[PDB]
Amino acid sequence: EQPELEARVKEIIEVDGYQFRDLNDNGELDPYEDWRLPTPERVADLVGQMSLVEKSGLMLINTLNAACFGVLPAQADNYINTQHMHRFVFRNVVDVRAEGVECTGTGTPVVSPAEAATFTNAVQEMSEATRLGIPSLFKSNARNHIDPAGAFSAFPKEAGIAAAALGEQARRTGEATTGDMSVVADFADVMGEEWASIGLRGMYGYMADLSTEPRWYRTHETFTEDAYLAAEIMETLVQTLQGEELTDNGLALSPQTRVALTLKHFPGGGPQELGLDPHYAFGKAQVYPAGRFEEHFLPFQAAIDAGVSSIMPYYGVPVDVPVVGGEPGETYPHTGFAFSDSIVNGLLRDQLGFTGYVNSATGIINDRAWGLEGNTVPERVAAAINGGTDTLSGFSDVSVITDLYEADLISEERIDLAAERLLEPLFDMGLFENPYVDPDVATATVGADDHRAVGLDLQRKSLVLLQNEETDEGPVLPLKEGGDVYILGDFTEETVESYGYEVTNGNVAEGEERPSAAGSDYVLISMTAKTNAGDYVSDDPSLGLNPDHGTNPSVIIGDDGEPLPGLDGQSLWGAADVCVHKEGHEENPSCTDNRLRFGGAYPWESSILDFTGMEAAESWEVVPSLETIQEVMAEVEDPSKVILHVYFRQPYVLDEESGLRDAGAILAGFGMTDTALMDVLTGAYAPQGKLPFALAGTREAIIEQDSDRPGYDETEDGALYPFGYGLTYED
Ligand SMILES: O=C(O)[C@H]1O[C@@H](Oc2ccc([N+](=O)[O-])cc2)[C@H](O)[C@@H](O)[C@@H]1O
Ligand SMILES: [Zn+2]
Ligand SMILES: [Zn+2]
Ligand SMILES: [Zn+2]
Ligand SMILES: [Zn+2]
Ligand SMILES: [Zn+2]
Ligand SMILES: [Zn+2]
Ligand SMILES: [Zn+2]
Ligand SMILES: [Zn+2]
Ligand SMILES: [Zn+2]
Ligand SMILES: [Zn+2]
Ligand SMILES: [Zn+2]
Ligand SMILES: [Zn+2]
Ligand SMILES: [Zn+2]
Ligand SMILES: [Zn+2]
Ligand SMILES: [Zn+2]
Ligand SMILES: [Zn+2]
Ligand SMILES: [Zn+2]
Ligand SMILES: [Zn+2]
Ligand SMILES: [Zn+2]
Ligand SMILES: [Zn+2]
Ligand SMILES: [Zn+2]
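Residues numbered from 1 in each chain as written, not as in the entry; some residues may be left out. Chains lettered and ligands numbered in written order. Heavy atoms only, no water.

Draft legend 1. View of the pattern of salt bridges. By the definition in use, this model includes 32 salt bridges. Linking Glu-295 and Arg-292 is a salt bridge whose minimum nitrogen-to-oxygen distance equals 2.9 Å. You can call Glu-295 partly exposed: its relative accessible area is 27%. Given the relative accessible area of 22%, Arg-292 is considered partly exposed. Here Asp-390 and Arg-421 are joined by a salt bridge, their closest N and O atoms 3.0 Å apart. One end of the pair, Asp-390, is in the loop between helix 11 (377–387) and strand 12 (392–393); the other, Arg-421, is in helix 13 (residues 412–428), with 31 residues separating them in the sequence. The same class applies to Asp-390 and to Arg-421, which are both buried. Three or more residues joined by partner-sharing salt bridges are found here, namely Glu-168, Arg-171, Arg-172, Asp-180, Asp-457 and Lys-461. (Salt bridge = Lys/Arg side-chain N within 4 Å of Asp/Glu carboxyl O. Buried < 20%, exposed > 50% of the residue type's maximum accessible area, 1.4 Å probe, protein only. Helix = DSSP H or I, 4+ residues; strand = E, 2+ residues; numbered from the N terminus.)

Right, here's the structure in full:
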């Protein structure tokens, strides 16, 4: 009964034989401070006592990073006392800093697990110190995946976790449908304990988006293209991270909730047109040529039914999509999902039954109010809140919500309803009783030996064997013991040496002679492709306003009957950026798309996913360069002695002209260490993963495939490797 209670500013009061935290510091037990009453009654009493601005402060969520290790940043006082915010996004890398690190510049420091816990405890202490002592919630993007983070236990990327899951279901069933969720559960158990231990109880994620459009740069963090497998992953992720104890309101929230998920990006951010992402003005559009809008919010249905705490809608504009459960011929507003009542209030809450709160994507008011290009900031804030969005990521100006209330552009009925939905989980999660964590217990949880072992295990099972030729001497893989080995790509020489091979290193500096691979028993290449689009400028005549770069075929007709600027299907790629069309209320607006900060290629190269194409592209880079790989593969005798490990960050195309298909073995890796790849390469473990998305063999397939449809079975050329494909060793 008596829950653990910590209080560093307000004090504890004993009542009816129990102890309670006096958070209003009135000296008396208020029903909201009484942990014995149902959550609704505590909310009602708390909401009852709050000022208007106090309730408005709940509708904001903003970056609050530790600074230098783990001091509170400049804006903490302003956010907590002037804006009355209680929701923050924590973005520092958590790891052990190398000797010598001298905090300098205006970057974002690395902090140890205890330093992070110390910083988040300080924020909770500043929160306790506010008039009513409401606690704080921190959110974070994922931290547990290898970037091919810090001291968090390392796992393959999301698609690698699905690969492991599919492949373990096949090794026990001979079938790859929706996977063995024990793999996912085992992953999420490690993430939960490590996050909770630093006082990190909220997540911007995971992504339920489907990888049905291979040209979308964010396929790097999607699990799969299959709605049904996504649905099963979402279900297990919520059950493991939030728990299976549901409130009467149907939310998996207890004090035993380690991380409350904000599933993103509703209703599904996968089917972007030409793969262009709506962080940017040319990529506002989401299109559904195969009519799978219903399929794409299916994982969200599964997460909602398991009680996910929160939903983040995406920036995208759904084009000509029938309202689900509406009168025929009706379509959803051609505006960002977060501003459409039909989506946030109608689809999500009425049709899919969501009873939680809604968290906008970051920066929808100032930067990405798609469909509301001409509207003001106060107008955009009102439309988002009135459409159904309860908290605004990236907006930190509480006075705008209060001005809108006094101008009757938002009601007290709406703000109260927001306050109740945002406050509810903090209550069910037990943060009103104890919101603190032990820094020292963080140091013993984040990156524990058994946690790293579960990751390494998931790493080894994520690897997908695509190709393993049978030579005269048997299959290429596993490697035979010992030999001369050529390495190229991100291989650590000594690590490969340590398995007892004499290693020739083809990775040399620019001004240096690469040793030839001639006479090698084995060539190990580890390769990928990156975008390199940091030079992009929307209003530069040589780039975004360059007629030689073509036109943006995306058409979005505004509900008002006229096309959105730059999206009439005839305009220069850059013309959609506000710095070009200037329809806002600002003198010389800055460009939203410059430097393509978030990822993705130049929009006019978004369809170049084949390695030959990418080598030649302006804003794509093959690493190591396709030229070098091809030199190397010819210097060896039989290409059958080259083993390609490919990081398919996007469903890249092994095109026939590149010759990569001539390798004796090809593997799909979704993020792993040298030592985990070597253990599978040498046969200490057999590969058993299966593809969670299909791979194509021609650029024509990439351009023909329906952005909302999984696979390439509707194309002339079709798939090189189907979903669910993966070899193993056969002895
Ligand atoms: O990380 C966030 O805040 C969330 O919003 C979006 O990412 C942004 C991050 C920073 C900024 N910014 O600094 O302006 C803008 C956008 C993503 O679409 C979403 O997946 C993510 O969880
Ligand atoms: Zn006092
Ligand atoms: Zn009190
Ligand atoms: Zn009221
Ligand atoms: Zn105030
Ligand atoms: Zn407050
Ligand atoms: Zn990427
Ligand atoms: Zn189920
Ligand atoms: Zn788009
Ligand atoms: Zn303000
Ligand atoms: Zn009034
Ligand atoms: Zn302690
Ligand atoms: Zn543990
Ligand atoms: Zn054999
Ligand atoms: Zn030696
Ligand atoms: Zn020309
Ligand atoms: Zn060019
Ligand atoms: Zn317009
Ligand atoms: Zn104006
Ligand atoms: Zn050369
Ligand atoms: Zn497709
Ligand atoms: Zn053809």
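What follows picks up the thread again.
Draft legend 2. Structural detail: the coordination of the zinc ion (ligand 9). Distances from the zinc ion (ligand 9) to its protein donors, namely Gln-272 (OE1), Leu-276 (O), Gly-283 (O) and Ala-285 (O), fall within the range 2.4 to 2.7 Å. Relative to the metal, the 4 donor atoms surrounding the zinc ion (ligand 9) lie at angles of 78 to 151 degrees, and the coordination shape comes out irregular. Sequence positions of the residues that donate to the zinc ion (ligand 9) give the spacing Q-x3-L-x6-G-x1-A. As far as the burial class goes, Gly-283 and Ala-285 line up, both buried. (Donors = N, O, S within 2.8 Å, 3.2 Å for Na, K, Ca; no water. Tetrahedral: all angles 85-135°; square planar, octahedral: opposite > 155°, others 65-115°.)

Draft legend 3. View of the site of ligand 1. Neighbouring ligand 1 are 13 residues, the closest being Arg-91, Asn-141, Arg-218, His-265 and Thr-362. A distance of 3.0 Å separates an oxygen atom of ligand 1 from a polar atom in the side chain of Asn-141. Within the side chain of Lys-264, an N or O atom sits 3.0 Å from an oxygen atom of ligand 1. Calculation on ligand 1 without its partners gives an accessible area of 450 Å², and the protein chains cover 78% of this total. (Near = heavy atom within 4 Å. Polar contact = N/O pair within 3.5 Å; in protein donor to acceptor, adjacent residues only side chain to side chain. Areas by Shrake-Rupley, 256 points an atom, 1.4 Å probe, with all protein chains shown as cover.)

Draft legend 4. Highlighting a negative patch on the surface. Residues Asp-484, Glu-494, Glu-497, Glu-502 and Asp-521 make up a contiguous surface patch of negative charge. Topologically, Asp-521 is positioned in the loop between strand 17 (502–505) and strand 18 (522–531). A relative accessible area of 32% places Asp-521 in the partly exposed class. (Patch = residues over 30% accessible without salt bridge, like charges linked within 9 Å, V, L, I, M, F, W, Y side chains within 5 Å. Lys, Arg positive; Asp, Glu negative; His and termini not counted. Charge placed at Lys NZ, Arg CZ, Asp CG, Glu CD.)

Draft legend 5. Broad picture of the state of the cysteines. The final tally for this structure, using the stated rule, is 2 disulfides. Each sulfur of the disulfide joining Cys-68 and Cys-103 lies 2.0 Å from the other. Residues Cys-68 and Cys-103 are joined through a disulfide that is right-handed, its torsion about the S-S bond being 60 degrees. For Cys-103, a relative accessible area of 44% corresponds to the partly exposed category. Each bonded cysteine of the chain is numbered by sequence order, and under that numbering the disulfide pairs are 1-2, 3-4. (Disulfide = S-S within 2.5 Å.)

Draft legend 6. Quick peek at the packing of aromatic side chains. Within the structure shown, the criterion is met by 28 aromatic pairs. Centre to centre, the rings of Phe-119 and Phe-138 are 5.8 Å apart; their planes meet at 55 degrees, and the pair counts as tilted. Taken as a pair, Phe-119 in helix 4 (residues 113–128) and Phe-138 in strand 5 (residues 137–139) lie far apart in primary sequence, 19 residues in all. Summarising the burial analysis for this pair, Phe-119 and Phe-138 share the class buried. An angle of 65 degrees between the planes, with centres 5.7 Å apart, marks the rings of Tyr-206 and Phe-223 as edge-to-face. Taken together, the residues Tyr-206 in strand 6 (residues 202–207) and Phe-223 in the loop between strand 6 and helix 7 (227–242) connect sequence positions 17 residues apart. (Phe/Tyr/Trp six-rings, centres within 6.5 Å; stacked < 30°, edge-to-face > 60°.)

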